[PDB]
Amino acid sequence: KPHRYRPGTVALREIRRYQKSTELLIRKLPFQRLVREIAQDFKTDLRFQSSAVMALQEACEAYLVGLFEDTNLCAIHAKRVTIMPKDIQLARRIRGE
Amino acid sequence: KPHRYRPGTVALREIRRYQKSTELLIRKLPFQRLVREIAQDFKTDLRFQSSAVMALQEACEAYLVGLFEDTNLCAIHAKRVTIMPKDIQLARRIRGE
Amino acid sequence: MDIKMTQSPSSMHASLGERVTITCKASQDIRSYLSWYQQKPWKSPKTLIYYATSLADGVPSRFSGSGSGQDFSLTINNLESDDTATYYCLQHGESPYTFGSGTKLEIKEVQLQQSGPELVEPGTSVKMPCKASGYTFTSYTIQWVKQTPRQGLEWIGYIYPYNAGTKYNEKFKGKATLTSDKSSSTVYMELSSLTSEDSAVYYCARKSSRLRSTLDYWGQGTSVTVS
Amino acid sequence: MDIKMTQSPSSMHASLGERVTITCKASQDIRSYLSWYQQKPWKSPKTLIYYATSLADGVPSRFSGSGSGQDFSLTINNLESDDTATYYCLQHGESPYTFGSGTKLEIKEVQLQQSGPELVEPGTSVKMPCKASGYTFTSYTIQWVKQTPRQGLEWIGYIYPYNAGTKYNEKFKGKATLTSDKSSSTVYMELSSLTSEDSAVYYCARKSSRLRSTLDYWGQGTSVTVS
Amino acid sequence: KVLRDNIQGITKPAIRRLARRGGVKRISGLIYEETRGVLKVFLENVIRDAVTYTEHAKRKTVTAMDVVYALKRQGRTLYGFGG
Amino acid sequence: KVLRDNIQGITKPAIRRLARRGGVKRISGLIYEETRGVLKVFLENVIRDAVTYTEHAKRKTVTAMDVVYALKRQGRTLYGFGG
Amino acid sequence: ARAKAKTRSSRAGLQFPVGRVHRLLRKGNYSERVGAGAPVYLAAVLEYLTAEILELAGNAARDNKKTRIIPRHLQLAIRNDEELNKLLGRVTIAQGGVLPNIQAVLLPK
Amino acid sequence: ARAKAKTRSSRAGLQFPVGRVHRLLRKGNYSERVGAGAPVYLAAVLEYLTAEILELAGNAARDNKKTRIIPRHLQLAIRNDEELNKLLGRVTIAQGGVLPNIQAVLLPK
Amino acid sequence: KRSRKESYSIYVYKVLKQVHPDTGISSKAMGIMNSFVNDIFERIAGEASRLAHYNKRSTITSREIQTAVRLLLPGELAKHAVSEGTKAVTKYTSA
Amino acid sequence: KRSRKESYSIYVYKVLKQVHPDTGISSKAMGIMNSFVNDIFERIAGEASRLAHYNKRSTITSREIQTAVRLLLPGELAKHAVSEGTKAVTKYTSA
DNA sequence: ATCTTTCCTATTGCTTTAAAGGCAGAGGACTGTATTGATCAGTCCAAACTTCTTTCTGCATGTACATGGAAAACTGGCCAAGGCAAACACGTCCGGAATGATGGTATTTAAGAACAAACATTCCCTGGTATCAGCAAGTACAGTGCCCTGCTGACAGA
DNA sequence: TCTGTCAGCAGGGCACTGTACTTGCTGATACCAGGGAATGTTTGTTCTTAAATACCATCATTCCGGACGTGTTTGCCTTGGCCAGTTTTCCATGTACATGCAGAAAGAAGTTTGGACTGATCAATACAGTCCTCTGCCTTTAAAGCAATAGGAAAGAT
């Protein structure tokens with residue numbers, strides 16, 4: 001019988017792992033592509049400094065991490081451990097977003 | 001037997017009544033006493049313009065109404081209709097207070 | 001009570017290069033809340049002028065709008081083969097929006113998806129969607145317009161997805177009902193108790209909540225036929 | 001490795017209205033993180049000077065401290081009738097805080113509530129609270145200090161209610177355990193495996209998270225006696 | 001002349017009306033003390049800034065303009081009092 | 001040259017990693033599209049402000065200063081690029 | 001000869017004061033120098049926003065069979081429009097009240 | 001003849017530049033005039049805040065057996081302190097990460 | 001004598017009479033409108049000042065005001081405000 | 001020649017060597033400290049400017065800075081910053 | 001209690017990023033003059049505080065009980081964990097060109113000063129909107145009565 | 001002697017009636033917004049000076065595109081565990097509705113406090129020119145940290 005961790009064990013291990021570290025969690029190249037895709041709707045033939053894309057990725061990841069913290073609090077408020085889309089919606093609504 | 005509305009009917013009636021109106025819902029004199037009491041800890045022998053207390057009461061009532069709206073949303077999130085102190089705590093936590 | 005809108009030149013003919021002037025008169029003051037449209041045959045109308053002087057997005061400077069109060073006019077300077085269409089003036093200074101009678105001229109990304117043509121027997125009800133994309137859904141009302149060969153363009157009502165607030169034309173009260181779904185970014189138009197005269201083409205058009213804004217982008221239209 | 005604190009005068013006598021000086025020598029550099037306390041008998045200490053030169057709130061200008069590095073001094077200019085007390089120097093420049101031996105001098109609203117005296121048989125555990133009021137409870141740490149006639153003042157540890165962080169003196173690791181209850185704004189000190197030497201007076205003191213802030217307000221002191 | 005216990009002046013029916021204007025149909029019994037604590041914290045925060053503004057001007061009367069500035073400093077702009 | 005559909009480049013593992021850093025233990029299957037929409041809205045707003053700042057400067061390259069100013073204008077101050 | 005004075009508001013076709021706006025810009029410590037068109041632009045924008053809010057508030061008053069605009073009408077105008085509500089999202093309007101809304105789950109049955 | 005120039009930072013006992021701070025206040029369009037004590041006071045406050053954060057970050061680096069302060073240590077210093085976190089509550093530290101915290105409900109039984 | 005207090009009351013009243021000839025306005029509503037005008041003025045002026053400072057310019061011109069309007073006002077409000085400002089500046093320059 | 005870029009790096013490093021003689025600092029940490037110093041400078045300066053404008057004063061003196069520090073910094077941070085500022089001004093006045 | 005997997009700890013190399021040293025220019029300091037914003041002492045009246053007195057209206061307390069919240073149980077399905085193959089992200093390297101920065105000219109435009117007057121603020125008055133009170137009119141809530149459908153005891157068929 | 005079916009009874013659901021609340025109209029009145037009038041101070045006009053900015057050319061720095069190779073990450077599929085959702089029950093705890101008490105509100109007067117205007121004046125800051133030295137950019141060295149390998153210990157699952 002191959003070894004298996006029960007559900008929730010590797011989840012907690014990953015929580016500790018990614019709270020201990022500080023590296024960016026989104027892949028850099030696809031995020032750069034997304035940034036360029038969005039920007040083309042406002043001004044064609046734009047150029048981006050590398051530091052500009054790095055700053056955008058830092059801001060977006062910090063924002064998403066904070067939103068997920070609020071979402072987790074909202075999910076726990078409903079006596080759940082799974083986060084649903086309605087939890088994100090409630091977090092955004094209370095935040096005023 | 002005397003007439004008696006079932007629980008929640010007068011609650012909805014009062015909700016409509018106080019959402020239709022605009023007047024201040026806290027009594028003037030006790031709120032003024034509270035305002036003077038709180039300021040007593042920062043500087044003694046302070047005086048207040050009537051407009052200052054009116055502005056404070058307006059701001060406080062608006063803040064409390066908004067906070068109760070968020071609390072009600074939080075309570076409905078947990079499949080309840082009764083707001084509880086944990087709902088206020090969650091609303092304030094998500095608001096960053 | 002409703003503002004009757006009169007376009008004097010019911011039809012006209014012109015050649016290339018020359019100037020044209022189309023006048024539209026209001027029975028009551030509307031304070032420059034007038035919009036001009038161009039409708040090719042079997043196509044949705046496109047906006048030319050809004051607020052009685054401002055040029056709509058993507059429209060060349062050949063089109064010129066002027067006037068205020070109750071007298072308004074539209075001017076085209078350098079005519080082309082592309083200018084063969086019907087032109088309407090729309091007033092939205094009062095609650096029942098009224099289109100002009102229309103003027104036939106002949107020369108010798110925001111998107112609103114709409115369903116295809118539908119056949120229905122009298123007495124039933126029909127529900128025609130209007131799926132919008134390319135912009136913030138809640139920030140713009142969705143207007144509904146009925147076009148017939150006899151009565152021309154008629155304004156039905158709108159729904160504001162931001163708060164689900166609706167305003168209906170007194171003629172279509174009860175007959176028409178509007179609802180919206182924010183998750184799908186779609187607005188639905190319900191017609192109850194279809195009659196022979198209810199056969200028409202129904203357009204959904206985007207209008208901002210701003211007072212001077214007009215119906216700027218139109219759906220392709222859903223043609224409804226009643227046996 | 002712990003910083004031994006040496007007060008040069010162990011006792012002294014002086015008449016009213018003449019200056020006296022108490023010196024406190026630090027074993028290792030602490031960079032001006034020194035405080036002075038006055039403790040009348042059977043009462044909790046009161047802070048006089050913090051950061052080695054700054055007067056605490058409500059302390060008259062007669063008291064003055066000076067020095068930096070490893071040599072510090074306290075000066076009282078006009079000896080009032082009530083200046084007779086025991087004066088300690090506390091260093092908090094490094095993690096294990098240490099008090100001075102104490103100078104017994106004699107001559108010719110933030111509030112922390114503590115429980116009363118408790119008698120406990122050896123081997124059992126005791127849980128003494130420290131109720132706090134008059135300030136933002138989570139903004140300040142609560143510091144616990146043990147006083148005995150023989151060993152004098154000894155620092156146990158602290159609890160930071162903002163994040164429940166704790167730090168303990170090695171002499172009390174395992175012996176002591178601090179917990180906080182933000183709902184009641186109370187901090188609990190837990191002692192386990194009581195012995196004869198654990199008979200002491202335990203004080204809880206408020207301290208800001210700011211590095212230069214010292215133990216500014218103290219509790220009444222819970223006297224614990226082990227049979 | 002000394003005021004000690006006016007927080008209880010924010011009575012239960014007043015808090016009920018505030019909740020009703022917010023759309024609350026049912027209210028727990030413990031909501032009132034929580035609401036009083038929240039209101040006290042908010043008032044302390046606003047009045048501290050108002051009194052700071054008053055003291056900087058070397059005045060002894062807290063004007064409505066001081067309250068408006070204190071609110072605006074906290075992202076709670078208030079129209080209708082000389083803003 | 002053109003870019004069509006890179007929102008799907010924010011893959012499910014990346015969203016799960018972001019949630020893990022946020023302390024999430026269990027994630028619903030519908031969280032990923034919701035997160036993609038939220039991220040797209042946030043990026044659209046920030047990039048619009050940054051591009052406006054760039055255009056006012058009559059430059060055609062978006063600099064880190066433009067992004068920092070755009071984030072600051074939205075109450076999301078970012079340290080580590082202010083120079 | 002000396003020309004008759006003509007106020008810059010009338011020259012720009014505005015009702016709001018271009019001169020007062022220019023003086024406020026100069027006195028507000030916003031920049032060392034202020035361009036000629038800056039006060040005209042700012043007065044025009046302020047007048048536009050004022051006209052928009054006033055017309056919405058007047059429509060709200062008409063819907064209520066009232067003749068004068070009160071703070072309640074301003075609140076109704078602002079909070080019934082997504083763009084104005086976003087512009088004034090963190091603003092409190094004295095004596096404005098709140099919009100009537102009850103969550104559907106609280107209604108009977 | 002002119003006496004030996006003495007930098008105002010040394011005259012005030014500070015490490016931060018009083019002269020640069022004064023020039024930035026003058027060129028910042030904050031007021032028509034700037035007093036002599038304003039740059040000294042502001043430089044002292046900025047130096048105090050810098051020293052506080054740096055010392056907390058250095059202690060955090062020491063606890064990790066590290067010799068150099070990285071953004072992670074600044075994040076740890078700021079977010080472990082209520083007052084600094086309140087001051088910088090709306091600030092994102094690049095490469096700071098987050099504090100390791102897990103809700104008690106999520107831990108295994 | 002006492003200091004004179006300036007306000008946008010007369011101009012707000014003129015605009016109201018332009019858009020609603022028969023509608024009045026209460027004193028409290030006029031105070032709210034004065035507060036609104038001052039607040040929007042302060043927002044736009046501060047944003048324009050920051051725009052000028054970022055670009056190392058000593059002058060706030062109509063370009064700075066236009067960019068501040070674009071940044072602050074959301075959606076169609078920005079477009080219509082820009083249109084009105086451009087129209088006003090063009091008319092002012094024409095005369 | 002290239003345009004020079006000013007920063008608080010050398011002063012931040014001086015303070016670091018003052019508080020931690022042994023520990024160093026990375027370039028990214030130094031940039032974060034520069035951003036922090038600039039941000040707090042801007043906050044205090046803007047608050048002092050608004051204080052001066054409210055009281056119809058043309059000068060930002062140490063009183064405006066002190067009041068801005070009291071309004072901005074929370075809790076004991078404010079009082080310690082005020083103590084440091086008062087000490088610096090007192091030492092400067094005596095020259 | 002035992003087996004498996006993960007994390008943590010300790011060497012050793014090498015890598016790269018921090019720290020030291022040097023030069024120039026631009027920006028900070030020093031001295032004196034002008035002047036301008038700000039301090040200090042008087043005075044007045046606008047407004048804040050204090051007290052009294054009705055006058056209720058709203059708050060507080062108490063009683064009956066309807067119903068919403070919380071616990072228990074139970075199951076379906078939705079998500080975690082692991083395996084394997086392929087995608088494509090990361091690194092890196094070079095070519096080309098688009099763009100930002102610098103310098104000199106010249107060119108438009110804004111600051112500053114002085115005077116006239118015209119626009120804005122404060123006072124005064126009045127009349128039209130809005131508030132209050134009484135009486136119908138409509139709406140909706142709650143309970144009762146009449147009609148209807150499914151379950152169970154006794155009858156009828158087998 | 002055994003089993004299925006029908007009338008009586010229990011439980012639901014729709015319609016009618018009593019009743020409380022909110023709205024709508026009419027009339028009276030009271031009080032707040034709008035129009036007319038005098039002063040002061042702030043805006044407009046004209047001219048000069050200078051300084052901020054447009055434009056044009058050039059250089060060089062940096063960004064975009066493409067190309068290849070390695071190997072870590074993502075996608076898809078399978079298995080099964082445990083968690084979200086549903087149903088049931090009970091009870092305690094909020095809601096609704098008396099009745100009585102008292103203090104909040106409003107009008108009035110009296111007292112008092114202090115905010116702001118006025119005048120004199122005086123201490124501090126801007127401006128200017130000069131000198132010099134502090135800080136930023138360039139260059140070179142070495143020590144903290146990352147990576148690879150191996151071993152130990154803690155923890156999960158059985």
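The figures that follow rest on heavy atoms only: side chains count, while hydrogens, waters and symmetry mates do not. Sequence lines set the chain letters: A, B, ... in the order given, protein chains first and strands last, and positions in each chain run from 1.
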Applying a 4.0 Å non-hydrogen cut-off, can you work out what [X] is touching in the nucleic acid: base, sugar-phosphate, or nothing?
X: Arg27(B); result: sugar-phosphate
X: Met30(J); result: nothing
X: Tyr11(I); result: sugar-phosphate
X: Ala14(E); result: nothing
X: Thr7(G); result: sugar-phosphate
X: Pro30(A); result: sugar-phosphate
X: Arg4(J); result: base
X: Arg63(I); result: nothing
X: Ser50(A); result: nothing
X: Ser27(J); result: sugar-phosphate
X: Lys4(H); result: sugar-phosphate
X: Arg26(E); result: sugar-phosphate
X: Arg36(A); result: sugar-phosphate
X: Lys28(J); result: nothing

Without decimals, in angstroms, what is the distance between [X] [atom1] and [N] [atom2]?
X: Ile10(J); N: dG136(L); atom1: CD1; atom2: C1'; result: 8 Å
X: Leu29(A); N: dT70(L); atom1: CG; atom2: P; result: 20 Å
X: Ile26(B); N: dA105(L); atom1: CD1; atom2: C1'; result: 17 Å
X: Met84(B); N: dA70(K); atom1: CE; atom2: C1'; result: 9 Å

message: Can you tell me which residue among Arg57(J), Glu64(J), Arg63(J) is in a side-chain hydrogen bond (donor to acceptor under 3.5 Å, both in side chains) with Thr61(J)?
response: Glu64(J)

- request: Measure from NZ or CZ of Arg13(B) to the centre of the six-membered ring of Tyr5(B), then state whether that distance is under 6.0 Å and the direction lies within 45° of the axis.
  value: yes

Can you tell me whether the side chain of [X] and the base of [N] have a donor-acceptor pair closer than 3.5 Å?
X: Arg4(B); N: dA96(L); result: yes
X: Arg2(G); N: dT45(L); result: yes
X: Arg68(H); N: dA144(L); result: no

- prompt: Are there more than 12 heavy atoms of other residues, nucleotides or ligands under 6.0 Å from atom CG of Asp22(J)?
  reply: yes

message: Let me spell it out: for each of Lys25(E) and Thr82(A), pick the nucleotide of DNA chain L with the closest heavy atom. Which residue's pick is nearer the 5' end?
response: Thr82(A)

5′-ward residue of the pair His3(B)/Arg20(E) relative to DNA chain L: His3(B)

query: Of the non-hydrogen atoms in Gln19(B) and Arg20(E), which two are nearest, and what is the gap between them?
result: CG-O, 4.2 Å

message: With a cut-off of less than 4.0 Å, is there a side-chain N or O of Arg11(H) near OP1 or OP2 of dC30(K)?
response: yes

- prompt: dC59(K) phosphate, OP1 or OP2: any side-chain N/O from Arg17(E) under 4.0 angstrom?
  reply: yes

field: Nearest-nucleotide comparison on DNA chain K, the residue closer to the 5′ end among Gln8(E) and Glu32(G)
entry: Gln8(E)

task: Without swapping roles, check the side chain of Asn64(H) against the backbone of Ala61(H) for a donor-acceptor pair under 3.5 Å.
output: no

field: Of the listed nucleotides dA96(L), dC63(L), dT122(K), the one nearest the side chain of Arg2(I)
entry: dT122(K)

- request: With the side chain of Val10(A) defined as its heavy atoms from C-beta on, choose the nearest nucleotide among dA48(K), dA81(K), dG100(K).
  value: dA81(K)

